[PDB]
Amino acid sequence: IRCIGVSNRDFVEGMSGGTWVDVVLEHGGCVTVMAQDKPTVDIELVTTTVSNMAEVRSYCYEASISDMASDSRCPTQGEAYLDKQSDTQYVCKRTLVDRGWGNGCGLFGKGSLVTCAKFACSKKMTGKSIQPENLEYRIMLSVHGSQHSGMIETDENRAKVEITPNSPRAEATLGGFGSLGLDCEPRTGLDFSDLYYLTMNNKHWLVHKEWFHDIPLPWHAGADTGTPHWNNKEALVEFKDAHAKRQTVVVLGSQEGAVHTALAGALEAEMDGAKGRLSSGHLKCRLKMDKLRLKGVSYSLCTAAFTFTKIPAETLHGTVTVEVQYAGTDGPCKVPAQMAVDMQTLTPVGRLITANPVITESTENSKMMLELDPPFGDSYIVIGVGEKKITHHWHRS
């Protein structure tokens, strides 16, 4: 069904009091929950989202310069002046340079030189804050066992639920099975509110705050962003050795690759509609199952012949999947399905993960998939009852 193919799959069995089951979810996997006299339920954390992320600071990693100008004074002739000195968008540099008869001065002393160049940001990165109240977790719950395969359905057998730090509880409504209660809480170890959400050229990371604050790049505070004011423009703007009347101004190359190098190992994230999308958390949920019911408890056993349509396969966790075909028309009915070691008494052994298997189709030759938890050492998969039962040898869990 859902959980069978996933590698990071956990199994939780409920206890005799059929009320509470504790579970922990993560983005890589899913959990299969089995309770006595209850339908088996697969629970998966689907997405983790952050909303309303506020700009903290923006760093410019590629910039350019324009309108380069210089002013010079002969010695004893005062301070060099440019109108661009007071402009906040201009990087400027003032020095003293050797002057003389070669460069047009009466004396040979030091003359003042100033050089300014306009700063423009071509490409920048943006960091955003994460507030605890703005996290949301989406969880999918499914009933283990259905007539047709495939993971694309939304009906009485499946439910999608949404939880929030300020709304930690929710109810997933199945069909005749009833309802399931969810009380969820983040697991300790990864607090997203202690990280910054970093975006650079349609790529997204989760970074530490003190590393983000110490980045040696031009930056602005992420407020009043109509036209920005850039602090530390000198991190990308350099002035070469000065000669009389002029200084050369150069821009450093794009620093996107350097930031990429420094970002190795950082948690990666995504954007979905101005919502941050994370894949690294853990979520502890308590299941309230007192309202969960099986459906076909009082069905009569299927009496026609079952046939294996597929060779049974062993999953990564030692369970067995079996696809069968029922030629019967008398339905709905309960399919006899078990693991047996003593072939005469047919005493059930192992575990039946797909709880209360049933054929819901009234037509002939309906196909259905089963999951079983076999015991260690040789056993037999037994499907059906009577002289029409089918048997298949199996080895271990």
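When you see a residue number, it is the position in the sequence shown, counting from 1.
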query	finding
Of 354-362 and 23-31, the one with larger mean CA B-factor	354-362
Mean Cα B-factor comparison, 153-161 or 316-324, giving the higher one as deposited	153-161
Out of 146, 126, 231, 95, residue topping the C-alpha B-factor column of the entry	146
Which of 387, 378, 13, 373 ranks first by CA B-factor in the deposited coordinates	387
Where the record places residue 239 (Cα B-factor, split into thirds across the chain)	middle
Cα B factor band for residue 393 (lowest, middle or highest third within the chain)	lowest
Ranked against its chain, the third holding the CA B-factor of residue 185	middle
Within-chain third of residue 85 by Cα B-factor, per the entry	middle
Chain thirds of CA B-factor: placement of residue 104	middle
